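Data first, discussion second: the structure below is written as structure tokens.
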Amino acid sequence: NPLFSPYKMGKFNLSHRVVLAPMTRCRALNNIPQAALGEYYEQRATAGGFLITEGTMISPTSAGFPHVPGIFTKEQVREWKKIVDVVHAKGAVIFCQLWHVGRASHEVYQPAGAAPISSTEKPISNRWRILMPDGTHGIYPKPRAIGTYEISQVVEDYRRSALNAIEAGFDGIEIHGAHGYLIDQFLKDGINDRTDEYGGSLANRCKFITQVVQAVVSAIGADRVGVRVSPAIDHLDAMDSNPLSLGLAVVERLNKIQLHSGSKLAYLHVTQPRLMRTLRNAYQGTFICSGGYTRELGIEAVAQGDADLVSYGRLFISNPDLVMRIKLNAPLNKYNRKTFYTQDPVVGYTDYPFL
Ligand SMILES: Cc1cc2nc3c(=O)[nH]c(=O)nc-3n(C[C@H](O)[C@H](O)[C@H](O)COP(=O)(O)O)c2cc1C
């Protein structure tokens with residue numbers, strides 16, 4: 001089974017290619033990692049296995065979901081250290097995903113009830129609705145379009161959060177550049193309506209992700225940095241007129257960052273809703289594919305050279321031992337969407353059984 005051949009993800013020797021995809025679960029009450037997160041990640045950790053955390057706030061203005069963790073305060077660092085230690089005790093490698101939602105927020109999630117930030121002043125349309133802390137769905141508000149000083153300060157929030165992740169003991173970080181969140185609001189020509197140096201051309205639209213990646217690479221080293229993008233996912237009104245050219249432009253910038261720093265990123269992670277293989281073939285380094293994989297599709301992805309690692313989201317929610325079940329070809333257990341984003345520390349979180 002090619003999912004069980006070892007793979008060297010730069011400094012990390014992985015024993016198998018089954019990755020835990022980043023998944024927001026909303027159990028980090030008041031944005032503080034809780035003991036329940038330790039139990040959840042410990043259950044899914046395996047010796048030589050790679051795990052990516054739920055998206056994690058980089059600043060007080062970065063959230064658009066309830067009870068998501070941050071890594072911008074020292075209290076959050078101290079609590080994440082306890083989770084990282086239990087995962088490392090199982091021999092697993094873990095990266096923290098750094099997540100800023102940009103315009104995909106609401107006054108209830110912002111300090112002082114202020115408008116969320118973005119590349120643009122346009123709101124997500126009412127085709128989409130935001131999950132509220134009480135479980136209802138609300139209306140995305142108009143964001144405020146930030147200037148270039150504020151862009152540079154958001155870049156600094158990613159830099160400081162990456163340093164905090166290393167302080168908590170994470171092996172590295174993943175930049176969340178996918179799914180219509182802040183970085184994608186700069187990348188996608190369906191959103192970015194700027195006329196300054198961060199808008200118009202494809203090159204200008206790629207400036208923000210390039211600067212985020214360069215800052216975290218400078219702070220923690222490229223081998224501790226993964227980057228996640230989704231050029232073909234149009235969630236939250238985040239379409240591009242040419243998804244493949246946008247993906248190849250991002251890949252080119254990643255390749256240039258690596259050549260200039262003299263070091264390779266941990267990986268490029270692309271999640272989908274031929275494009276995938278084209279981006280993989282253009283990127284000088286490790287490729288993680290994601291979206292709709294099953295045991296057989298992940299085996300095929302690695303066997304046919306389409307990816308080096310395969311990340312699983314929903315199946316890992318309900319199969320804590322997904323790695324072993326894939327190894328044994330044991331039947332997988334269903335997941336319950338109703339408890340994806342609830343707050344209970346156990347129900348639908350750590351109470352899915354093992355084999
Ligand atoms: C409940 C849930 C939460 C998610 N949260 C995140 C997240 O925090 N960051 C992210 O990049 N993707 C997130 N995703 C997308 C997943 O990482 C993954 O790409 C997606 O579920 C498609 O893969 P799958 O078919 O293996 O589930 C989330 C998906 C789900 C279902």
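If you're wondering about the labels, chains in the structure tokens are A, B, ... by order shown, residues count from 1 in each chain, ligands from 1 in order shown.
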Which residues of chain A have any atom within 8 Å of an atom in ligand 1 when counting only C-alpha atoms and all ligand atoms, and what is the closest pair of atoms for each, with the distance in Å to one decimal? Order the rows by chain and rising number and write it as CSV.
residue,atom,partner,partner_atom_place_in_ligand_line,distance
A:21,CA,ligand 1,17 (O),4.4
A:22,CA,ligand 1,17 (O),4.4
A:23,CA,ligand 1,5 (N),3.3
A:24,CA,ligand 1,5 (N),3.8
A:25,CA,ligand 1,1 (C),5.9
A:53,CA,ligand 1,8 (O),7.4
A:54,CA,ligand 1,8 (O),4.3
A:55,CA,ligand 1,8 (O),3.8
A:56,CA,ligand 1,8 (O),7.5
A:97,CA,ligand 1,9 (N),7.1
A:99,CA,ligand 1,9 (N),7.4
A:176,CA,ligand 1,11 (O),5.6
A:177,CA,ligand 1,11 (O),7.7
A:178,CA,ligand 1,11 (O),6.2
A:179,CA,ligand 1,11 (O),7.2
A:228,CA,ligand 1,11 (O),6.8
A:271,CA,ligand 1,19 (O),5.5
A:272,CA,ligand 1,22 (C),7.5
A:273,CA,ligand 1,22 (C),7.7
A:290,CA,ligand 1,23 (O),5.4
A:291,CA,ligand 1,23 (O),3.6
A:292,CA,ligand 1,25 (O),3.3
A:293,CA,ligand 1,25 (O),5.5
A:294,CA,ligand 1,26 (O),7.5
A:311,CA,ligand 1,26 (O),6.3
A:312,CA,ligand 1,26 (O),3.6
A:313,CA,ligand 1,26 (O),3.7
A:314,CA,ligand 1,27 (O),3.8
A:315,CA,ligand 1,26 (O),6.2
A:316,CA,ligand 1,26 (O),7.7
A:337,CA,ligand 1,1 (C),7.6
A:340,CA,ligand 1,1 (C),4.9
A:341,CA,ligand 1,1 (C),6.5
Could you save those same residues with N, CA and C atoms as a tab-separated table (two decimals), in the first residue's frame?
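The resulting file, result_17.tsv, is shown below:
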chain	number	residue	atom	x	y	z
A	21	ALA	N	-6.31	16.56	7.81
A	21	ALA	CA	-6.58	17.90	7.27
A	21	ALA	C	-7.00	18.84	8.39
A	22	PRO	N	-6.75	20.13	8.22
A	22	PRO	CA	-7.18	21.13	9.23
A	22	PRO	C	-8.69	21.20	9.27
A	23	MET	N	-9.26	21.11	10.46
A	23	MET	CA	-10.73	21.20	10.61
A	23	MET	C	-11.13	21.98	11.84
A	24	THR	N	-11.80	23.08	11.58
A	24	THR	CA	-12.50	23.88	12.60
A	24	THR	C	-13.60	23.07	13.27
A	25	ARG	N	-13.52	22.95	14.60
A	25	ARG	CA	-14.49	22.19	15.37
A	25	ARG	C	-15.14	22.99	16.47
A	53	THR	N	-3.54	21.26	12.52
A	53	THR	CA	-4.64	21.69	13.39
A	53	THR	C	-5.75	22.42	12.62
A	54	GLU	N	-6.90	22.49	13.28
A	54	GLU	CA	-7.92	23.47	12.97
A	54	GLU	C	-7.29	24.84	12.73
A	55	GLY	N	-7.95	25.64	11.89
A	55	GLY	CA	-7.53	27.03	11.72
A	55	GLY	C	-7.45	27.77	13.06
A	56	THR	N	-6.39	28.55	13.22
A	56	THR	CA	-6.07	29.17	14.52
A	56	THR	C	-5.87	30.66	14.31
A	97	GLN	N	-2.34	25.47	11.80
A	97	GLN	CA	-2.83	26.30	10.66
A	97	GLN	C	-3.16	27.71	11.12
A	99	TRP	N	-4.96	31.16	10.54
A	99	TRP	CA	-6.20	31.45	9.81
A	99	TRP	C	-6.72	32.85	10.12
A	176	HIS	N	-3.20	29.35	5.96
A	176	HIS	CA	-4.53	29.14	5.35
A	176	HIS	C	-4.76	30.20	4.29
A	177	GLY	N	-4.50	29.85	3.03
A	177	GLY	CA	-4.76	30.74	1.89
A	177	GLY	C	-5.92	30.30	1.05
A	178	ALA	N	-6.84	29.55	1.59
A	178	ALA	CA	-7.90	28.89	0.84
A	178	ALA	C	-9.29	29.44	1.24
A	179	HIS	N	-10.30	28.93	0.52
A	179	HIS	CA	-11.72	28.92	0.93
A	179	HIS	C	-12.36	30.29	1.09
A	228	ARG	N	-1.51	26.47	2.07
A	228	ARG	CA	-2.74	25.87	1.56
A	228	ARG	C	-3.52	26.84	0.71
A	271	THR	N	-6.58	22.08	-2.06
A	271	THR	CA	-7.84	21.41	-1.84
A	271	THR	C	-8.78	21.77	-2.97
A	272	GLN	N	-9.46	20.76	-3.46
A	272	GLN	CA	-10.30	20.91	-4.64
A	272	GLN	C	-11.77	20.81	-4.28
A	273	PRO	N	-12.66	21.33	-5.14
A	273	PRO	CA	-14.10	21.19	-4.83
A	273	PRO	C	-14.63	19.81	-5.21
A	290	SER	N	-6.11	17.20	-1.35
A	290	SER	CA	-7.19	17.18	-0.41
A	290	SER	C	-8.53	17.42	-1.13
A	291	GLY	N	-9.59	16.77	-0.61
A	291	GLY	CA	-10.99	17.01	-1.00
A	291	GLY	C	-11.57	15.74	-1.62
A	292	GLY	N	-12.40	15.07	-0.86
A	292	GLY	CA	-13.14	13.91	-1.36
A	292	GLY	C	-12.34	12.64	-1.41
A	293	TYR	N	-11.10	12.61	-0.88
A	293	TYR	CA	-10.34	11.36	-0.93
A	293	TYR	C	-10.95	10.30	-0.02
A	294	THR	N	-10.78	9.07	-0.49
A	294	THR	CA	-11.15	7.87	0.22
A	294	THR	C	-9.89	7.01	0.21
A	311	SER	N	-4.46	14.35	2.43
A	311	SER	CA	-5.12	14.76	3.65
A	311	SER	C	-6.59	14.40	3.63
A	312	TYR	N	-7.09	13.98	4.78
A	312	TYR	CA	-8.47	13.56	5.01
A	312	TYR	C	-9.06	14.42	6.09
A	313	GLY	N	-10.26	14.95	5.82
A	313	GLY	CA	-10.97	15.76	6.77
A	313	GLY	C	-12.10	14.98	7.41
A	314	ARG	N	-13.24	14.95	6.71
A	314	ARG	CA	-14.44	14.40	7.34
A	314	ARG	C	-14.26	12.97	7.85
A	315	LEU	N	-13.57	12.09	7.08
A	315	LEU	CA	-13.38	10.73	7.59
A	315	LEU	C	-12.57	10.71	8.87
A	316	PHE	N	-11.66	11.70	9.07
A	316	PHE	CA	-10.95	11.71	10.35
A	316	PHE	C	-11.80	12.21	11.51
A	337	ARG	N	-22.67	15.41	10.73
A	337	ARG	CA	-22.49	16.83	10.45
A	337	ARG	C	-23.09	17.73	11.54
A	340	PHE	N	-20.40	18.87	13.92
A	340	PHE	CA	-19.13	19.37	13.44
A	340	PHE	C	-18.67	20.61	14.21
A	341	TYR	N	-19.59	21.55	14.52
A	341	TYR	CA	-19.23	22.89	15.03
A	341	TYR	C	-19.89	23.21	16.37
Residues within 9 Å of residue 79 of chain A, please, as JSON, numbers by chain. Count only C-alpha atoms; anything in the same chain fewer than 6 positions from it doesn't count.
{"A": [32, 33, 34, 35, 168]}
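Counting only C-alpha atoms and comparing A:36, A:101, A:47, A:28, the residue that lies closest to residue 69 of chain A is A:28.
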Could you pull the residues within 12 Å of residue 260 of chain A, counting only C-alpha atoms, minus those fewer than 3 positions along the same chain, as a PyMOL selection string?
chain A and resi 214+217-218+222+253-257+263-265
Test item: residues at most 12 Å from segment 39-45 of chain A, only C-alpha atoms, excluding those fewer than 6 positions along its chain, as a tab-separated table (two decimals) with C-alpha atoms, in the first residue's frame:
chain	number	residue	atom	x	y	z
A	16	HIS	CA	2.96	7.07	6.15
A	18	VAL	CA	-2.23	9.85	5.56
A	19	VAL	CA	-2.56	13.42	6.88
A	20	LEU	CA	-5.16	14.95	9.21
A	21	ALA	CA	-6.58	17.90	7.27
A	22	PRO	CA	-7.18	21.13	9.23
A	23	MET	CA	-10.73	21.20	10.61
A	25	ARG	CA	-14.49	22.19	15.37
A	27	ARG	CA	-14.39	23.39	21.04
A	28	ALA	CA	-11.68	25.95	21.96
A	33	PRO	CA	-7.28	25.61	23.51
A	51	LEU	CA	-1.42	16.32	11.67
A	52	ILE	CA	-2.57	19.84	10.80
A	53	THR	CA	-4.64	21.69	13.39
A	54	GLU	CA	-7.92	23.47	12.97
A	80	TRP	CA	-1.35	24.69	23.03
A	82	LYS	CA	-0.05	20.80	26.47
A	83	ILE	CA	-1.73	19.54	23.28
A	84	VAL	CA	1.46	19.51	21.25
A	85	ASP	CA	3.18	17.49	24.01
A	86	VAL	CA	0.55	14.73	23.97
A	87	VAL	CA	0.81	14.48	20.15
A	88	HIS	CA	4.61	14.35	20.24
A	89	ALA	CA	4.40	11.62	22.90
A	90	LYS	CA	2.76	9.44	20.17
A	91	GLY	CA	5.57	10.24	17.71
A	92	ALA	CA	3.43	12.41	15.42
A	93	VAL	CA	4.39	15.65	13.65
A	94	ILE	CA	1.93	18.58	14.03
A	95	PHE	CA	1.61	21.94	12.26
A	96	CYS	CA	-0.63	24.80	13.43
A	312	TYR	CA	-8.47	13.56	5.01
A	313	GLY	CA	-10.97	15.76	6.77
A	315	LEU	CA	-13.38	10.73	7.59
A	316	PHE	CA	-10.95	11.71	10.35
A	317	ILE	CA	-13.78	13.32	12.33
A	318	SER	CA	-15.49	9.97	12.76
A	319	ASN	CA	-12.53	7.54	12.50
A	320	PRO	CA	-9.98	8.53	15.15
A	321	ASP	CA	-7.92	5.51	14.01
A	322	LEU	CA	-8.35	6.36	10.29
A	323	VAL	CA	-4.68	5.57	9.61
A	324	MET	CA	-5.00	2.03	11.00
A	325	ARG	CA	-8.33	1.50	9.29
A	345	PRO	CA	-16.07	18.61	24.64
A	346	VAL	CA	-17.13	14.97	24.05
A	347	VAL	CA	-20.26	14.50	21.95
A	348	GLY	CA	-19.40	14.25	18.25
A	349	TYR	CA	-15.79	15.15	19.10
A	350	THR	CA	-13.95	12.47	21.12
A	351	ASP	CA	-16.70	9.84	21.41
A	352	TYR	CA	-16.37	8.29	17.95
A	353	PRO	CA	-15.01	4.81	18.75
A	354	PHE	CA	-11.90	3.06	17.66
Provide the atom CA of residue 15 of chain A to atom CA of residue 3 of chain A distance in Å, to one decimal place.
9.2 Å
Who sits within 10 Å of residue 164 of chain A, only C-alpha atoms, same chain under 4 positions skipped, as a PyMOL selection string
chain A and resi 58+71-74+76-78+80+158-160+168-170
Same residues, N, CA, C and O atoms, output as a tab-separated table (two decimals), in the first residue's frame:
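Ended up saving to out-v7.tsv:
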chain	number	residue	atom	x	y	z
A	58	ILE	N	-4.78	34.50	14.36
A	58	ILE	CA	-3.51	35.23	14.41
A	58	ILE	C	-3.62	36.55	15.12
A	58	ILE	O	-2.58	37.23	15.30
A	71	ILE	N	-3.53	31.73	18.64
A	71	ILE	CA	-2.14	31.54	19.05
A	71	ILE	C	-1.45	32.90	19.08
A	71	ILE	O	-0.24	32.99	18.91
A	72	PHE	N	-2.20	33.92	19.39
A	72	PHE	CA	-1.64	35.27	19.45
A	72	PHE	C	-1.37	35.76	20.86
A	72	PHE	O	-0.78	36.84	21.00
A	73	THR	N	-1.79	35.02	21.89
A	73	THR	CA	-1.49	35.38	23.27
A	73	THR	C	-0.63	34.31	23.93
A	73	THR	O	-0.63	33.15	23.54
A	74	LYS	N	0.07	34.72	25.00
A	74	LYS	CA	0.92	33.74	25.69
A	74	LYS	C	0.08	32.72	26.45
A	74	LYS	O	0.52	31.58	26.59
A	76	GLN	N	-2.67	31.42	25.24
A	76	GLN	CA	-2.95	30.42	24.21
A	76	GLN	C	-1.74	29.55	23.91
A	76	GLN	O	-1.88	28.33	23.76
A	77	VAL	N	-0.53	30.12	23.88
A	77	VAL	CA	0.69	29.32	23.71
A	77	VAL	C	0.82	28.27	24.81
A	77	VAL	O	1.13	27.10	24.54
A	78	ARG	N	0.62	28.67	26.08
A	78	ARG	CA	0.77	27.72	27.18
A	78	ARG	C	-0.21	26.56	27.05
A	78	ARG	O	0.14	25.41	27.33
A	80	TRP	N	-1.71	25.51	24.17
A	80	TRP	CA	-1.35	24.69	23.03
A	80	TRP	C	-0.17	23.78	23.34
A	80	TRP	O	-0.12	22.66	22.81
A	158	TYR	N	0.77	37.33	11.25
A	158	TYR	CA	1.18	35.99	10.87
A	158	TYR	C	2.59	35.68	11.36
A	158	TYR	O	2.82	34.57	11.85
A	159	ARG	N	3.53	36.62	11.26
A	159	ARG	CA	4.90	36.37	11.69
A	159	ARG	C	4.95	36.07	13.19
A	159	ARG	O	5.60	35.10	13.62
A	160	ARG	N	4.24	36.87	13.99
A	160	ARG	CA	4.28	36.69	15.44
A	160	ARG	C	3.57	35.41	15.84
A	160	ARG	O	4.02	34.72	16.76
A	168	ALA	N	5.19	27.12	21.36
A	168	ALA	CA	4.34	26.08	21.90
A	168	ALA	C	4.86	24.70	21.57
A	168	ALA	O	4.31	23.74	22.11
A	169	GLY	N	5.84	24.60	20.72
A	169	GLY	CA	6.42	23.33	20.34
A	169	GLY	C	5.94	22.76	19.02
A	169	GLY	O	6.36	21.65	18.65
A	170	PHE	N	5.02	23.44	18.32
A	170	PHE	CA	4.66	22.93	16.99
A	170	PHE	C	5.87	22.71	16.11
A	170	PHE	O	6.85	23.44	16.16
Quick one: residues within 9 Å of residue 212 of chain A, only C-alpha atoms counted, chain neighbours fewer than 5 positions away excluded, as a list in words?
residues 152, 154, 155, 156, 158, 159, 175, 183, 207 and 217 of chain A
Dump of N, CA, C and O atoms for the selected residues, as a PDB file, in the first residue's frame:
ATOM      1  N   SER A 152       0.635  45.399   6.028  1.00  0.00           N
ATOM      2  CA  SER A 152       1.923  45.001   6.609  1.00  0.00           C
ATOM      3  C   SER A 152       1.765  44.591   8.070  1.00  0.00           C
ATOM      4  O   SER A 152       2.515  43.728   8.552  1.00  0.00           O
ATOM      5  N   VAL A 154      -0.983  43.033   9.288  1.00  0.00           N
ATOM      6  CA  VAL A 154      -1.525  41.680   9.270  1.00  0.00           C
ATOM      7  C   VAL A 154      -0.418  40.684   8.982  1.00  0.00           C
ATOM      8  O   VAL A 154      -0.334  39.624   9.621  1.00  0.00           O
ATOM      9  N   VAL A 155       0.483  41.013   8.036  1.00  0.00           N
ATOM     10  CA  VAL A 155       1.651  40.158   7.809  1.00  0.00           C
ATOM     11  C   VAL A 155       2.421  39.952   9.109  1.00  0.00           C
ATOM     12  O   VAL A 155       2.843  38.817   9.423  1.00  0.00           O
ATOM     13  N   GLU A 156       2.630  41.023   9.882  1.00  0.00           N
ATOM     14  CA  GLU A 156       3.295  40.866  11.166  1.00  0.00           C
ATOM     15  C   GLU A 156       2.541  39.969  12.136  1.00  0.00           C
ATOM     16  O   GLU A 156       3.182  39.240  12.921  1.00  0.00           O
ATOM     17  N   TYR A 158       0.766  37.332  11.253  1.00  0.00           N
ATOM     18  CA  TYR A 158       1.177  35.993  10.866  1.00  0.00           C
ATOM     19  C   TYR A 158       2.588  35.678  11.358  1.00  0.00           C
ATOM     20  O   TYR A 158       2.815  34.565  11.849  1.00  0.00           O
ATOM     21  N   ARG A 159       3.526  36.625  11.262  1.00  0.00           N
ATOM     22  CA  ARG A 159       4.902  36.370  11.686  1.00  0.00           C
ATOM     23  C   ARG A 159       4.951  36.071  13.185  1.00  0.00           C
ATOM     24  O   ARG A 159       5.597  35.103  13.619  1.00  0.00           O
ATOM     25  N   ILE A 175      -0.032  28.125   6.318  1.00  0.00           N
ATOM     26  CA  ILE A 175      -0.737  29.362   5.982  1.00  0.00           C
ATOM     27  C   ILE A 175      -2.070  28.970   5.334  1.00  0.00           C
ATOM     28  O   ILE A 175      -2.090  28.324   4.263  1.00  0.00           O
ATOM     29  N   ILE A 183      -6.670  35.764   2.720  1.00  0.00           N
ATOM     30  CA  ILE A 183      -5.685  35.652   1.639  1.00  0.00           C
ATOM     31  C   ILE A 183      -6.368  35.456   0.296  1.00  0.00           C
ATOM     32  O   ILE A 183      -6.011  36.110  -0.703  1.00  0.00           O
ATOM     33  N   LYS A 207       0.603  39.459  -4.370  1.00  0.00           N
ATOM     34  CA  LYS A 207       1.548  40.102  -3.453  1.00  0.00           C
ATOM     35  C   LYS A 207       1.266  39.739  -2.000  1.00  0.00           C
ATOM     36  O   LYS A 207       2.207  39.464  -1.254  1.00  0.00           O
ATOM     37  N   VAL A 217       8.502  32.455   6.582  1.00  0.00           N
ATOM     38  CA  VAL A 217       9.760  31.785   6.216  1.00  0.00           C
ATOM     39  C   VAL A 217      10.940  32.457   6.912  1.00  0.00           C
ATOM     40  O   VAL A 217      11.813  31.779   7.479  1.00  0.00           O
TER      41      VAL A 217
END
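Here atom CA of residue 335 of chain A stands at a distance of 26.0 Å from atom CA of residue 70 of chain A.
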Run DSSP on the backbone of this structure and report the residues of segment 47-89 of chain A it assigns to alpha helix (DSSP H), as a PyMOL selection string.
chain A and resi 74-88
Can you list, as a ChimeraX atom specification, every protein, DNA or RNA residue that comes within 10 Å of residue 244 of chain A when you count only C-alpha atoms, leaving out same-chain residues fewer than 5 positions away?
/A:231-232,249-250,274-276,278-279
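Residue nearest residue 280 of chain A within the list A:252, A:130, A:182, A:114: A:252 [criterion: smallest interatomic distance, only C-alpha atoms].
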Atomic separation - atom CA of residue 355 of chain A relative to atom CA of residue 38 of chain A, Å
20.3 Å
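Taking the backbone of this structure through DSSP, the residues of segment 192-283 of chain A that come out as strand (DSSP E or B) are residues 225, 226, 227, 228, 229, 267, 268, 269, 270 and 271 of chain A.
The shortest atom-to-atom distance to residue 246 of chain A, with only C-alpha atoms taken into account, belongs to A:188 out of A:334, A:106, A:188, A:277.
Comparing the minimum interatomic distances between residue 128 of chain A and each of A:8, A:17, A:269, A:235, counting only C-alpha atoms, we find that A:235 sits nearest.
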